[PDB]
Amino acid sequence: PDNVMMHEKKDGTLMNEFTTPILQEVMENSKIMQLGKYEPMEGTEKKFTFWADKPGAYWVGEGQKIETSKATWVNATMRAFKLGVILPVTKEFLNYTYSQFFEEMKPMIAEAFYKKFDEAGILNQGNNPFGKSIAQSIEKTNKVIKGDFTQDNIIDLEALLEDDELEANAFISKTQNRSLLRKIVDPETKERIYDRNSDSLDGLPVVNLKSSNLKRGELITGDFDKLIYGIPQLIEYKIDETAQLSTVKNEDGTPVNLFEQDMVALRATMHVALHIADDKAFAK
Amino acid sequence: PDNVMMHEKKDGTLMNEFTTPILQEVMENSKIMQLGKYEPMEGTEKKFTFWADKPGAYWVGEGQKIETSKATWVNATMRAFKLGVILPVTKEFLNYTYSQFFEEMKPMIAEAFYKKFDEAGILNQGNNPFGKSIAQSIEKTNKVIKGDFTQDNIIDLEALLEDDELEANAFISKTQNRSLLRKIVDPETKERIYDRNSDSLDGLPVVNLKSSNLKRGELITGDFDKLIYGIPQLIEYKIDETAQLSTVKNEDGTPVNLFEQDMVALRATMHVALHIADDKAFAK
Amino acid sequence: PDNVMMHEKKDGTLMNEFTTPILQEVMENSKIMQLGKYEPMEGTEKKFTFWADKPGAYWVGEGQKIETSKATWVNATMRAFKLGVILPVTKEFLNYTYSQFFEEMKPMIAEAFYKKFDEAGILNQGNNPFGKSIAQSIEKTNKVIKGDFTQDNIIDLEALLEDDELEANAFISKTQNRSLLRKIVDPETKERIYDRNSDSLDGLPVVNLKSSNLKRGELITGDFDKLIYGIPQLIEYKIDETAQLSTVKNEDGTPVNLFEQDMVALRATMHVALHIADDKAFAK
Amino acid sequence: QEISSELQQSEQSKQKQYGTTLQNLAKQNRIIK
Amino acid sequence: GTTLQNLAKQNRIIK
Amino acid sequence: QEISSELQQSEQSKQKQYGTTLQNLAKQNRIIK
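Chains as they are written, first to last, in PDB author numbering: chain D, 26 to 309; chain C, 26 to 309; chain B, 26 to 309; chain c, 40 to 72; chain b, 58 to 72; chain d, 40 to 72.
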């Protein structure tokens, strides 16, 4: 029944009171989050898909159909470091108490955690894959467009996904590529396509990716599912840092390099439908 | 009798409190409802159609208005196979209770109903006919045009149906067939006909059923009868399904594949007007 | 005094309690009512005009005013099937009661009533003329302009009616013409004159006329008097109608076929201030 | 008997009144009115 | 119809 | 004995059900709607 009191507890399974502020900052900053819808299910899941068609007590000809079974698993894990190096000793944070310590971390672990999920969410670059990404699904079912940038892009982008009875909804394009869309104005009619004041491309919601991976890419998605469950769950010690390198050469001798370093791991998982459009440059 | 309380019951015939939430959500997805009117009946009523025109106090009527006798009845049944299999056991949803059971089903069982209803209603492709559909009425009174998309052809289409009785109300064309609407720019009168922001072909508002059947379709009705009456009427089962197909080859062995199934028999009825327009490709 | 209780009154002269409900919501359907204005009267009226002004006793004026009378009258009677068609379950409509009877007519006889009225007021096609207003004003005072779509033509339409002190109030253009309002853009001051979301042509409200006559109509007035006096009234009968057609080449045998007709005796009013403009087309 | 019959008139009428509002809801939802 | 007078002017767009 | 077991499990079940309302609050902050 802790709330304020003290803080020398190295272990720290977060309470649902302190979980709701830290999660909303992780969510609202992310790009894949603002696209996808949600539903609550456990670490292992059984969800089922597809439509049905049936008459009211009658039979003539045939009526084909199918149902598919699906599941979700695995979690994302990353340490703070940026927090731990700028936090000397636990007796300081004992005086600050349990309440403040997680609100001081709210803009510390959050910004780093969501950033990794985007890199292995849309793209398939970072080493944390599970259900294959939006990028990998495009390679299976080819919705590829040749390297051009005019009004013909938006006609092609929609038309590929349009053939599968799917409506265009989102727009995922990076901030470097965003600058190129500003100059594009309609030829016959006198009106601009993309705008900052009115945040929309084709009168649709737009989102900016900051991942150092893409070059001149475009992406539109509608149907998507994402899952968060369990608790963040904290544990904190001074023993060894293998994944983190200390600038020059050596990794970290934690008794020598005296730093209070914590651990974080949320149960986050995706689910993807395999019909999404894409555009990219060619040149030669 | 059945308030919040609980739910371990196999049968679950709905109350009007829970019914009209679900029947309302059918209409947003459905497009045939927008094309027609609702005027209800229990099992079958012998009501009448066609508008009334005023004779006036001063001079005689002279021009005729005419009436028409109709009477129709049919039901549309849909087993929620994906939804029943979503449920692992009935005792799990006893915790959700009778009220929240249908709120989870609200945006799912309705998805199944409108997909069947619109498919067989407008086209004669889905095998559950009754009163002859819009596709059949086009073959009676030939308003068919050769596959062309030009500013002259769209006005000529409305001119054909105008000759008999009433002016056009609204278009019904595919989502897939949206690239032809974009490319139409006439040389003499430099403009685009179809709006990009709003949805309208030549002023008349367009919508789509999203049935995997049409190619280059352009259907217009205006005068049409839709019916929704009675209760969906829920029954839960676990025995055998002939009109479903599981995985790849097998039909459904419910004792072996231990899953539930929700049989729901809604009652919907239709009627079609005589004069309807249509367009389609051919080439060779 | 009449109560809710029951229903077995053939002469259904509506009381002021139920006269207002049906007359309130018919106005939203009507186009001419929104353009004009409502008032009360005795039954048949006479209106006066002109501006008799003079000072105290400085000097007697050279010019002298004229004082003139202008009358308005005439009614419009209808026989709708609507609820007489539901004679097979009038005993069920008795269970709904005298109150709910007219509530089911509220979007039925009103929908038939307004469509006739707009054809008489704006157009002069239908056979119920009395206040020959908008169609006749164009014939007397020639305010016709050649068919083009520029901001100069919009100012030209206003300038002709502004010549005799009348301010431009509101436009009347049908939904088919709405497509042609997209292309209007000025060379110097590049901006949209007709906004897509905000239904306004040049910052003035637009009203879509559904009667298929005017192809590219652009009418401006904003000065009328429409008025519904007294009681709509009801009469039921089972007689052989002269002005009626049954199926193809027959007459409505009401004694044999168990039908019924609802007579409705409504009142109409129109006034003409003859300064109205119009535009259509160049050649075709 | 006589009092119970009048209660049944009010119950069945109010039940079918919600059916007519559904159709009035449909008119508000659709594109042309 | 005194209530009709006020509501009629409220319904219409021109004012 | 019996009342203690039922009441403790009922409080824990509702708190886990209030975790889904947090998910619905996140749906409000989502751009697409």
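We put the CB at the ideal spot given by N, CA and C, even for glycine.
Please report the straight-line C-alpha distance between residue i and residue j, rounded to a whole angstrom.
i	j	result
D:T74	C:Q176	42 angstroms
B:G61	B:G68	19 angstroms
D:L291	C:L234	41 angstroms
residue 12 of chain B	B:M66	Nothing can be reported for residue 12 of chain B: it is not among the residues displayed for chain B, which extend from 26 to 309.
B:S271	C:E64	21 angstroms
D:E92	D:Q150	32 angstroms
C:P113	d:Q48	21 angstroms
C:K141	c:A65	20 angstroms
B:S225	B:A298	24 angstroms
C:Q201	D:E261	55 angstroms
B:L39	B:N54	21 angstroms
C:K208	D:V210	17 angstroms
D:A101	D:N153	7 angstroms
B:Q286	B:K131	16 angstroms
b:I71	B:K251	14 angstroms
C:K305	D:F249	34 angstroms
C:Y123	B:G37	47 angstroms
residue 8 of chain C	C:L283	Residue numbering for chain C in the displayed model covers 26 to 309; residue 8 of chain C lies beyond these limits and cannot be assessed.
D:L148	D:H296	14 angstroms
Name the one or two DSSP bridge partners that residue i has.
i	result
B:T272	Answer is none; B:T272 lacks a bridge partner.
C:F127	Paired residues: none, contrary to the question.
D:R292	D:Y254
C:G278	C:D265
C:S94	C:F73
C:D304	C:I170
Between residue i and chain D, is the shortest Cβ-Cβ distance under 8 angstroms, so that the two count as touching?
i	result
C:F106	yes
d:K66	yes
C:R203	yes
C:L270	yes
C:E136	yes
C:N167	no
Between residue i and chain B, is any beta-carbon pair separated by less than 8 angstroms?
i	result
c:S44	no
C:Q59	no
c:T60	no
C:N222	yes
c:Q40	no
D:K235	no
Could you confirm whether any beta carbon from chain d is found closer than 8 angstroms to the beta carbon of residue i?
i	result
D:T102	no
So is residue i buried or exposed if we call it buried at 16+ other beta carbons inside 10 Å?
i	result
C:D188	exposed
B:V51	buried
b:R69	buried
C:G278	exposed
C:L108	buried
D:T97	buried
B:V231	buried
B:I245	buried
C:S162	buried
B:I301	buried
C:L259	buried
C:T214	exposed
Using a C-beta cutoff of 8 angstroms, does residue i count as contacting chain C?
i	result
B:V210	no
D:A184	yes
D:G109	no
c:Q54	yes
B:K141	yes
D:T279	no
Please tell me whether residue i has its Cβ less than 8 angstroms away from any Cβ of chain c.
i	result
B:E129	yes
B:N194	no
C:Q258	no
C:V232	yes
Runs of alpha helix (DSSP H) wholly within the stretch 199-238 of chain D (minimum 4 residues, chain order)
200-207
As an exercise, report each continuous beta strand (DSSP E) stretch of at least 3 residues that is fully enclosed by the stretch 49-76 of chain B, in chain order.
70-73
If we require 4 or more residues per run, which alpha helix (DSSP H) segments fall completely within the stretch 105-190 of chain D?
115-129, 135-144, 159-165, 177-187
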